[PDB]
Amino acid sequence: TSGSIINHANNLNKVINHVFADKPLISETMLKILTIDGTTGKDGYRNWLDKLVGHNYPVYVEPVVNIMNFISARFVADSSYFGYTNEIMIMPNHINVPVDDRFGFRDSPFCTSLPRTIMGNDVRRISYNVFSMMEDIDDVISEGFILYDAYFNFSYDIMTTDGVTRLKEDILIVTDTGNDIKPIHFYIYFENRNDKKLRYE
Amino acid sequence: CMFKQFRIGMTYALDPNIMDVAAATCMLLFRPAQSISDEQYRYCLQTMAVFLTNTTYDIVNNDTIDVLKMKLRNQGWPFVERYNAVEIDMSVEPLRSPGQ
Amino acid sequence: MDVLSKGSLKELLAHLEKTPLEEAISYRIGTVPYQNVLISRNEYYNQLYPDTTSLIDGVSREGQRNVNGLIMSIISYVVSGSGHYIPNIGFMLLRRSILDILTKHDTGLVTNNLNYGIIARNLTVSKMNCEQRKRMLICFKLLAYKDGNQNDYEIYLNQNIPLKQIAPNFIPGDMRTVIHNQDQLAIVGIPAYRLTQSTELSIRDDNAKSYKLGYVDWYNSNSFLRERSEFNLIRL
Amino acid sequence: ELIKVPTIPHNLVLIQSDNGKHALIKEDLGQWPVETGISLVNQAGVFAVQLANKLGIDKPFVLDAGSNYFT
Amino acid sequence: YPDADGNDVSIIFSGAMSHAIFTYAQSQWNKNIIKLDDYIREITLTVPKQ
Amino acid sequence: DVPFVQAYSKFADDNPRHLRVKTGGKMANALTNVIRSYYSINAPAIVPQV
Amino acid sequence: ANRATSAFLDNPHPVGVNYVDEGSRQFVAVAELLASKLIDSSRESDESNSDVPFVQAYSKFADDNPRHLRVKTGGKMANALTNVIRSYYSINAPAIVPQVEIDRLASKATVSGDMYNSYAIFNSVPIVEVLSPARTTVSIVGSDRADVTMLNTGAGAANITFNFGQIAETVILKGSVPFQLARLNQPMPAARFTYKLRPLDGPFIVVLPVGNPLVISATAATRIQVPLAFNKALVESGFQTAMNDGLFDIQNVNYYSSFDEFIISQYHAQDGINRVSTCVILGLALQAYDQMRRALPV
Amino acid sequence: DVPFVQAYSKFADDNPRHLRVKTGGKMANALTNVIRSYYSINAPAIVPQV
Amino acid sequence: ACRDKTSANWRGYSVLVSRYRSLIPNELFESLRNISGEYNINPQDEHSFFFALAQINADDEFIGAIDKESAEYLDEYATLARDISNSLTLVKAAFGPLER
């Protein structure tokens, strides 16, 4: 199919350009072999890569392969260690959600696990692409939902003093060409239970 | 390649040189067999026989394709056949038009 | 369209406060329900397609003038978008909103001596989905609490285990239960991507699909047409 | 060559409130942006080499922390 | 005088042929003048589903 | 197929579909059922007002 | 006169009337597609000595990463797939899963919910009634291959009336010994081993001579419109698993040996064309259920 | 529908029109009649060698 | 040398033929199926073509899998189709039947 040939040609050129940029991946000894006929170094490597597609050659697994593979598995498995998560929850203030209370945070934004049910009913889950195209978002956010099917980058700053736990920016931005979630930055404060001013705020 | 109805032809000299054979074998290898006609195929076989085998055009006239193939194979020339081209299945995305 | 679009208990109850009983009932005679009929579905079969007419089809059907007929018409409006034909209800009840009929004593209507099992059977509760079942139970609870029949509501739920699982979690007299409720009750709504303009086999399924497809156009082109009629008029 | 690593990368901080009631131990491995719509494993491989560089485990090494002690 | 749908109707003394040609031209251009909402509906049918 | 696609799209609110018999869509379904209803009272009323 | 009928055709219980709309049908098609990828990814994981392909497939199906300590149930999609199967079987099922869950799961993949673009052949033999005179004993055994055993103790030959319904397309009728069979108001032909019959053209009469019993084997084929992704091998396996797992344990229902018996019994009700579409959707759900449970046993 | 239109073009040597029912063209016609010829001697066997 | 140049540079020419085909509307392509012809190439030109076979990159033309220039060029034929019908009808109405 013409689509497969075009896709293969474009991807192959991107690989060759990236491989030969900065310090080349291939030593000068292999370039000398592939340029014996007269073709340039970039062209000689390009034809060899095309031939190797579909090879059954066994390749030995070096130690640095395993180290990178181990780290990559932990990157996907434990996402919260590296500052990203797979789902977020937006709820109104008046709805009481169970949250983590071990760290003594005032209005802690963390939960042990996102609630399966709130007030006896399962929390609605909406994918990000569907949420972006929603024009009735004002009605939806009244009840509360869970955004998923996306990777959310977040950062938090734990403040030693006591204050209102709030986000740096607004939660969402509503435009004509879709909706979006603004960058997430938390200002988490430790809690004094008897401060009436900070409780009312 | 786009249109099957189009054809490729050649005209060689009365006494072919090494370039005429080189041109003839490059066509039979890297051009569609549907583009080279039967009459052009015989002429390409004749110009190869005149050079590789010690013969002239008048002698190899009235010679069928099979006889010319036998003459060249005995001399040691294996490029005596046409090669068909594979058909690449193409689609054009619709956009505003229906698509092709 | 507007009633089926509401997706929260707050929005549904707010809509019923602003909607007169005239919208619940209809002035078209329709046909008698509970009839085995053959309808035409040429999308799929050459032969006629059997089905049974019901009160929740979305098409006006004849109903009696007793208390049960009025309640059944209201519930059909909530779950199917169209009510039944009750002859000569009277101007006194038509001006009242749906919620006052359900949850007030000033309407002059005696809604006691009501059997929820009989009403549920007539409305074909076995054929309605989770959202339609939830809406029906909301009407039942409002009627039960107004007449002091909370025990009969609990007895009905005990006999019907599937309805007890999806029972609404609000108490009619308490406002805190209404605001914190997280039920989803939206039969129709604007969908991501789109839905094919194709027919369905059942009367209920096809009529429901016709509401979903027309909601998008109704959403965009209703404000001006309603305003033209609303201007220079007094509400009922 | 075979490099020798003197110290262990604990990567730990201690955060405590002013009044002292609450404290926690946080491990800071950095922030890594992730782009949606494309394969996550391919992005993980790029970040894996940078993570190994931060921990000093990319090149062959042998740990010598035996002399890091007092009595 | 105003029409039922808000249009303005002018009654004047004019020719039979000039009136026939002018008003026929108006009716031909008018059937191609449609509301924005109807135009969006037609556009949505041409573009893909999403 | 250009003239037919335009007329079918206006009639059925959907374009003609390959590997799918074209029957007329919802307009055909509504027209067929009201014809049945016109003949006899015993025939049901199925098409909604919307 | 004595009447004999097939066991699997007696009292077909009403099927559910929920989750048959376009949105729900797209959910079932998505479930089958994602279940197939789950099986394929596990095979690729075994071959390549890496769990990366399986992690991606499980993440899309269950919306969560696999964990060594936790169990692989399949997520919310597994719960929804089990619940819809329960609702399809009987109208007394709870049908609890909400619409917002159905729509959110149909949006994972882009597959049409068309259930009429292909067909499948179901080899179940519908024998509505076999009318028999006095002194003649008729027994019907089997569904895939129906063996009818008849013998007469009377003095003269008897006439046995066969009714195969109006749904089956062709019925091939083989006897142990040559026998004569003809339609109503038609001459009887010479005795022959096999007969090919269209069930539509009226009841059939078989002449039963006095003596040794005559055993007649019946085979029928019926074409029912089904989706392209339908697979009878997978559907039948899913039917057994769901029955083993108690998904069909609902009061006041009938039980069937295989899926083809279920679909033909519901086809032969008073208005059977209503239930065929619901039964077909149930078959595709069972195909998805079989693939998911084999990848994620519990 | 591009992959199906492309595959049907190889099978039937024609690009289908919307109204005309798709059945396979000459390949379907030849295959169906050859199947009949295999079953019995009495079959017509009316498929040309070209 | 001809085979090595052919194998290295066949992807660019396969893509090039696709891009040229995408510039032709369906109506125009069907008409060109009726015509036929044969091209005559000098033997020196053919051998020099395969020997000195340039490489066609065509990488910056595609944005992902979409070729903007080809997509936009196909679209202007729809404007041409509108003009052809508009002009033809206006001349027919203005002039009517023509007699010489």
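Letters A, B, C, D, E, F, G, H and I name the chains as they come in the text, with residue numbers starting at 1 for each one.
The rule we apply is simple: a contact is a pair of C-beta atoms (placed from the backbone, for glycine too) under 8 Å apart; a residue touches a chain by one contact, two chains touch by 3 or more.
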### Task
Averaging each chain's C-alpha atoms to get its centre, pick out the one most distant from chain E.
D
#### Entry: Which of A-I and C-F has more C-beta pairs touching across its chains
C-F
## Note on the structure
Note: chain E sits from chain B at a C-alpha centroid distance in Å of 67
### Task
Mind checking the centre-to-centre distance between chain B and chain F? Centres are C-alpha means, answer in whole Å.
59
### Task
Compute the distance, rounded to whole Å, between the mean C-alpha positions of chain G and chain H.
32
### Message
Multi-chain contacts only, two chains or more: what residues does chain B have there?
### Response
88-91, 96, 98
### Task
Name the residues of chain H that each touch 2 or more other chains.
5
### Query
Which chain C residues reach two or more other chains?
184, 192-193, 196, 198
### Message
Which stretch or stretches of chain A touch chain B in the complex?
### Response
1-3, 5
### Task
Can you check the complex and tell me which residues of chain C touch chain E?
193-194, 217, 220-221
### Query
Which of the residues in chain C come into contact with chain A in the complex?
7-8, 10-11, 169, 179-184, 189-190, 192
### Task
Spell out the residues on chain A that touch chain G in their complex, using ranges where they run on.
69, 73, 76-77, 86-87, 122, 124-127, 129-130, 148-149
#### Entry: Contact footprint of chain A on chain D as seen in their complex
15-19, 21-22, 24, 26-27, 29-36, 40-41, 44-45, 47-49, 51-52, 57-58, 60
